[PDB]
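Visitor:
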Amino acid sequence: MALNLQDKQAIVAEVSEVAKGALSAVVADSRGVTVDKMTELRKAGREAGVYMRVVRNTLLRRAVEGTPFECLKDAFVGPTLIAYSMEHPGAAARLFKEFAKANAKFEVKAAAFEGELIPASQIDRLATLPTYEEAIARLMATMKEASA
Amino acid sequence: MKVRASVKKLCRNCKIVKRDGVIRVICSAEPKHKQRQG
RNA sequence: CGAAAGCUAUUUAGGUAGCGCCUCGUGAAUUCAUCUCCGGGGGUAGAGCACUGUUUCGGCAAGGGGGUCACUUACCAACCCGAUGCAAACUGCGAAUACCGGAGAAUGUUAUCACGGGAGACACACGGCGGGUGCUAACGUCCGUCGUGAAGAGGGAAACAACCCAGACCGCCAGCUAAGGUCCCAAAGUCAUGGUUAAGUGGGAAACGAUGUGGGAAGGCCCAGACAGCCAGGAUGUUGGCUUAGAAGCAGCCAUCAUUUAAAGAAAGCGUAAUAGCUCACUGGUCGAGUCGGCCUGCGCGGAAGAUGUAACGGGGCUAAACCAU
RNA sequence: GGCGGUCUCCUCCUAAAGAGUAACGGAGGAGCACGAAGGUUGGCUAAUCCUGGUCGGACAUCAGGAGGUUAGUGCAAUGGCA
RNA sequence: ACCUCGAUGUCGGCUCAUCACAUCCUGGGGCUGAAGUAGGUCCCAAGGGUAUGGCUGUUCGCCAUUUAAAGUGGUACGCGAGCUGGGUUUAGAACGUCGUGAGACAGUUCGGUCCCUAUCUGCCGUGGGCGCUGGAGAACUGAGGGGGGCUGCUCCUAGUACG
Ligand SMILES: [Mg+2]
Ligand SMILES: [Mg+2]
Ligand SMILES: [Mg+2]
Ligand SMILES: [Mg+2]
Ligand SMILES: [Mg+2]
Ligand SMILES: [Mg+2]
Ligand SMILES: [Mg+2]
Ligand SMILES: [Mg+2]
Ligand SMILES: [Mg+2]
Ligand SMILES: [Mg+2]
Ligand SMILES: [Mg+2]
Ligand SMILES: [Mg+2]
Ligand SMILES: [Mg+2]
Ligand SMILES: [Mg+2]
Ligand SMILES: [Mg+2]
Ligand SMILES: [Mg+2]
Ligand SMILES: [Mg+2]
Ligand SMILES: [Mg+2]
Ligand SMILES: [Mg+2]
Ligand SMILES: [Mg+2]
Ligand SMILES: [Mg+2]
Ligand SMILES: [Mg+2]
Ligand SMILES: [Mg+2]
Ligand SMILES: [Mg+2]
Ligand SMILES: [Mg+2]
Ligand SMILES: [Mg+2]
Ligand SMILES: [Mg+2]
Ligand SMILES: [Mg+2]
Ligand SMILES: [Zn+2]
Numbered sequence: 001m002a003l004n005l006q007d008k009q010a011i012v013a014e015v016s017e018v019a020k021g022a023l024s025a026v027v028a029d030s031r032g033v034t035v036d037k038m039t040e041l042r043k044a045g046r047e048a049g050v051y052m053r054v055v056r057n058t059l060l061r062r063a064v065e066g067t068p069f070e071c072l073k074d075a076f077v078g079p080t081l082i083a084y085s086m087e088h089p090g091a092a093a094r095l096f097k098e099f100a101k102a103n104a105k106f107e108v109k110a111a112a113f114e115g116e117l118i119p120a121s122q123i124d125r126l127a128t129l130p131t132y133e134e135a136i137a138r139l140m141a142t143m144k145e146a147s148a
Numbered sequence: 001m002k003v004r005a006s007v008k009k010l011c012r013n014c015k016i017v018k019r020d021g022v023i024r025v026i027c028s029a030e031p032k033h034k035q036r037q038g
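Chains as they are written, first to last, in the entry's author numbering: chain 5, 1 to 148; chain 4, 1 to 38.
1. Please report how far the alpha carbon of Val33 (chain 5) lies from the alpha carbon of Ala104 (chain 5), in whole angstroms.
2. In whole angstroms, give me the CA-to-CA distance for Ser121 (chain 5) and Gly115 (chain 5).
3. Run the CB neighbour count on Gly21 (chain 4), radius 10 Å, all protein chains shown included, and call it buried at 16 or more, exposed below.
4. Do the segment 90 to 103 of chain 5 and the segment 17 to 24 of chain 5 touch if we need at least three Cβ pairs shorter than 8 Å?
5. Checking 7 Å against the spacing of the C-beta atoms, do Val18 (chain 5) and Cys71 (chain 5) come in under that value?
6. I need the straight-line Cα distance from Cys14 (chain 4) to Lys8 (chain 4), nearest angstrom please.
7. With DSSP as the reference, label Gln35 (chain 4) as helix, strand or coil.
8. Roughly how many whole angstroms lie between the Cα atoms of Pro31 (chain 4) and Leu81 (chain 5)?
9. Would residue 229 (chain 5) and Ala110 (chain 5) qualify as a contact pair, given that the criterion is a beta-carbon distance under 7 Å?
10. Indicate whether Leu126 (chain 5) and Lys73 (chain 5) have their beta-carbon atoms separated by less than 7 Å.
11. Report the three-state DSSP secondary structure of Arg24 (chain 4) (helix, strand or coil).
12. Could you pull out every residue in the same chain whose Cβ sits closer than 8 Å to the Cβ of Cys27 (chain 4), ignoring the five residues on either side in sequence?
13. Quick one, which of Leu139 (chain 5), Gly49 (chain 5) and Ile11 (chain 5) has its alpha-carbon nearest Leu60 (chain 5)'s?
Now the structure itself:
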């Protein structure tokens with residue numbers, strides 16, 4: 001490994017994603033294959049490319065060293081194996097969705113999805129999301145309200 | 001097993017052991033590497 | 001009182017002669033020795049490479065080998081220059097010792113020199129040191145020089161002329177020591193303090209082998225979780241290219257980048273006809289405080305097979321009754 | 001022991017910085033030459049290489065320059081010799 | 001060139017041995033380029049066993065035929081005060097060879113006397129004496145010592161495992 005001069009970058013970089021981010025998910029990759037990463041990188045791909053991460057770090061000692069910053073709801077995620085996912089642009093989006101759909105294709109556990117932060121809380125798969133731009137679901141709420 | 005005076009590891013799996021007064025070599029992969037009189 | 005086994009010469013070599021060394025007598029100078037100081041020559045030990053030879057690398061380059069009939073050539077190479085070694089018969093340097101001479105004090109039973117009377121001896125041995133020869137083999141051989149035995153008993157080295165300590169005029173049932181020793185055979189410490197070894201090492205032996213073990217100086221990684229386990233992954237261009245019947249991470253050659261990443265070598269090993277297949281490096285998890293491996297050193301381990309009977313401490317026996325220090 | 005070799009003289013080493021010092025130890029010479037190759041007097045100074053130069057070359061003779069005895073010595077080796 | 005030259009008998013066989021282990025066979029193993037049968041190699045093992053003949057003086061070696069095997073060494077190249085006397089060295093003789101010759105040869109060739117009544121040690125046997133604590137007849141105990149320790153082949157297992 002590297003000394004501190006390097007354990008600091010994995011911090012100053014990874015914590016300015018939290019400081020400058022959008023949504024957060026969860027997942028434990030016990031059996032995390034590489035067809036695994038391959039896929040989810042195309043997903044990050046659709047979800048821009050390299051706007052997304054997953055930098056395995058669940059050393060509390062790392063991606064909690066980014067938490068007493070923001071998201072101290074994660075002192076509780078960080079135990080055991082974890083795969084932290086941050087969003088920069090994009091809706092508070094679909095990121096959420098396929099992690100459940102992925103891991104529900106066996107694709108290993110999902111930490112039961114211990115969940116995360118947009119609010120400041122816990123678990124439950126939501127597509128309360130990428131409807132986003134479904135302001136059309138407030139366009140159809142126009143003419144249909146005007147007519148009916 | 002080979003007897004020799006100089007014994008030394010051969011495979012990465014050869015191990016070296018001091019049983020009784022005698023120095024030995026045990027390989028878990030390759031029987032040819034057993035050694036004594038070390 | 002007290003030698004010699006040497007020199008020289010010898011139809012001489014196990015003989016003999018002169019000299020050397022022994023003894024007796026006589027005579028003679030501060031004569032002779034040791035130390036100190038002063039005055040000398042030296043080319044050995046050592047070192048050095050200008051010389052004489054030898055020798056390596058670099059540079060420079062006369063000259064040699066193929067191609068023409070004097071030119072030409074992906075062959076070898078003296079000198080001088082710079083660097084580095086080697087010498088019994090090399091010296092541009094150079095000791096300690098030794099030797100000659102002068103002076104001076106102390107000590108020594110004239111230890112000195114001469115002359116004369118009598119000799120013996122001219123087969124030496126081992127040990128230390130410097131050497132030649134041999135194999136830096138021989139209890140071998142041949143010089144130098146000192147010691148001892150010879151011609152010297154006594155104590156030590158188990159026993160052992162030649163080693164260590166020490167020079168027996170006679171007596172002593174006194175004492176102190178030397179070498180060497182001190183648990184029993186067996187005189188004297190089951191002594192003191194601090195360490196080491198676990199091998200009966202001590203009490204036979206090398207190259208070399210090895211997580212035995214003690215000590216020292218320094219270094220790397222560590223609760224931003226190290227070292228070892230255990231769960232995971234260990235991937236895409238792509239069988240890299242070349243070369244092969246086949247070289248697909250892995251027979252060889254050249255390259256060894258670039259992706260995707262948490263990390264993953266164009267691969268450290270198993271495997272394959274070649275692929276396939278199993279691991280490693282590396283990273284994520286778990287775990288929860290130390291951990292890794294070089295340097296220098298002490299003592300030990302293997303290596304280690306012999307003939308009548310233990311038979312490689314003299315024995316018993318010893319974990320100190322072994323080794324280091326005081 | 002025989003067979004071989006050796007037997008006298010000079011020189012170096014072995015030889016341990018005075019002399020001396022052995023081996024069937026390591027290497028080489030001598031058993032002469034010269035009446036000048038002796039005496040004295042006067043005078044003279046080498047090897048090798050670079051440069052230039054007819055025949056001429058790697059090396060004849062000339063010239064200068066380096067060099068400084070690396071040459072010479074009637075014969076071995078040593079020590080000497082301006 | 002240290003012992004023996006006021007004698008320390010030499011090759012080979014015979015008889016009798018005895019130790020070592022660097023093990024020939026038999027025993028126990030590891031590895032194997034070990035399928036099996038069977039080998040190779042290293043380790044451990046010295047208990048026992050370990051060939052008759054042809055040729056030659058031989059040892060040896062070659063050859064024949066056996067065998068589980070036909071081991072390597074030490075023991076004055078064990079063993080002549082035990083045997084032999086073929087080899088090698090007495091005087092005879094000849095060949096080739098050298099030499100003028102006498103003669104000579106690790107050249108060859110034919111022929112020739114190996115003695116000793118065992119004092120001591122040792123060793124195989126066998127008695128006498130005394131001891132062992134009154135004398136005596138038996139039967140014992142067993143410290144200790146010695147002896148012995150080899151192996152083939154056929155059948156069954158099974159033409160099975162393996163191939
Ligand atoms: Mg055992
Ligand atoms: Mg006297
Ligand atoms: Mg003499
Ligand atoms: Mg020297
Ligand atoms: Mg006198
Ligand atoms: Mg004499
Ligand atoms: Mg002698
Ligand atoms: Mg002498
Ligand atoms: Mg004495
Ligand atoms: Mg006296
Ligand atoms: Mg006393
Ligand atoms: Mg003492
Ligand atoms: Mg005592
Ligand atoms: Mg004590
Ligand atoms: Mg011992
Ligand atoms: Mg041994
Ligand atoms: Mg001298
Ligand atoms: Mg001297
Ligand atoms: Mg010319
Ligand atoms: Mg003698
Ligand atoms: Mg006699
Ligand atoms: Mg006799
Ligand atoms: Mg054995
Ligand atoms: Mg005999
Ligand atoms: Mg006869
Ligand atoms: Mg008889
Ligand atoms: Mg059949
Ligand atoms: Mg079948
Ligand atoms: Zn191995």
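The beta carbon of each residue, even a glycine, is placed where N, CA and C say it ideally should be.
Guide: Considering the structure as presented:
1. For this step, residue 33 (chain 5) is matched to residue 33 along the first sequence. For this step, residue 104 (chain 5) is matched to residue 104 along the first sequence. When rounded, the distance between both Cα atoms is 15 Å.
2. Translated into positions along the first sequence, residue 121 (chain 5) becomes position 121. Translated into positions along the first sequence, residue 115 (chain 5) becomes position 115. In a straight line, the C-alpha of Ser121 (chain 5) is about 7 Å away from that of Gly115 (chain 5).
3. Taking the second sequence and counting its residues from 1, one reaches residue 21 (chain 4) at position 21. Burial call: exposed.
4. In short, these stretches touch, since the Cβ pair count reaches three.
5. By one-based count along the first sequence, residue 18 (chain 5) stands at place 18. By one-based count along the first sequence, residue 71 (chain 5) stands at place 71. Yes, they are a contact pair.
6. Within the second sequence, numbered from 1, the residue matching residue 14 (chain 4) stands at position 14. Within the second sequence, numbered from 1, the residue matching residue 8 (chain 4) stands at position 8. In a straight line, the C-alpha of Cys14 (chain 4) is about 9 Å away from that of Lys8 (chain 4).
7. Looking up residue 35 (chain 4) in the second sequence gives position 35. The answer is strand: DSSP assigns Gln35 (chain 4) an E or B state.
8. By one-based count along the second sequence, residue 31 (chain 4) stands at place 31. By one-based count along the first sequence, residue 81 (chain 5) stands at place 81. Straight-line Cα distance between these residues: approximately 40 Å.
9. Any question about residue 229 (chain 5) goes unanswered here, given that chain 5 covers just 1 to 148.
10. Against the first sequence, residue 126 (chain 5) aligns to sequence position 126. Against the first sequence, residue 73 (chain 5) aligns to sequence position 73. Inclusion of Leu126 (chain 5) and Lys73 (chain 5) in the CB contact set at 7 Å is not warranted, their separation being larger than that value.
11. For the purposes of this step, residue 24 (chain 4) is identified with residue 24 of the second sequence, where counting begins at 1. Looking at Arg24 (chain 4) - three-state DSSP - the assignment turns out to be strand.
12. Taking the second sequence and counting its residues from 1, the one referred to as residue 27 (chain 4) is at position 27. Excluding residues within five positions, the ones whose Cβ falls inside 8 Å are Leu10, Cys11, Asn13, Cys14, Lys15, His33 and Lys34.
13. The residue labelled residue 60 (chain 5) in the question sits at position 60 within the first sequence. Ranking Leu139 (chain 5), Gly49 (chain 5) and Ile11 (chain 5) by Cα distance to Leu60 (chain 5) puts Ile11 (chain 5) first.
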